[PDB]
Amino acid sequence: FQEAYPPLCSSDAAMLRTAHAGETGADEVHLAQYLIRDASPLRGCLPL
Amino acid sequence: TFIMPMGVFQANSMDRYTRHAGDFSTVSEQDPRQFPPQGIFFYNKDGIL
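Just so you know, the sequences run in chain order R and V. Under UniProt numbering, residues 1347 to 1394 are what the first sequence spells out, in order. Under UniProt numbering, residues 418 to 466 are what the second sequence spells out, in order.
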């Protein structure tokens, strides 16, 4: 198909994870950094 | 076996962030949490700090 699936990546380790003892971060961009949310087929696998 | 770091100071100024503005305020004109930590607190066998 000539395509590449992007993984959960972010330019800051602060917003990669949130403080609730559980799920990870979900903010898109904070000030000038970014967090590209997961779109790969490993959506519900590979525990974090 | 458990391992625990004591005097670690997060050297990068990006890593020294607060999640909100008024999280742990004091009456002091200098916030006494910018200073590098000198101890560590955990729980006992009975849950004592």
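We put the CB at the ideal spot given by N, CA and C, even for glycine.
Pick from the options that is closest to residue i, judged by C-alpha positions
i       : options                               : result
V/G424  : V/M431, V/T418, V/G439 and V/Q455     : V/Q455
R/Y1380 : R/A1350, R/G1368 and R/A1359          : R/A1359
V/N429  : V/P453, V/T418, V/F458 and V/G439     : V/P453
R/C1355 : R/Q1348, R/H1366, R/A1372 and R/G1368 : R/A1372
DSSP beta-bridge partners of residue i
i       : result
R/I1382 : R/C1355
R/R1363 : R/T1370
Contact with chain V by residue i, beta-carbon distance below 8 Å
i       : result
R/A1360 : yes
R/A1372 : no
R/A1350 : no
R/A1385 : no
Beta carbon proximity, residue i to chain R, threshold 8 Å
i      : result
V/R436 : yes
Burial state of residue i, where buried means 16 or more other Cβ atoms lie within 10 Å
i      : result
V/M421 : exposed
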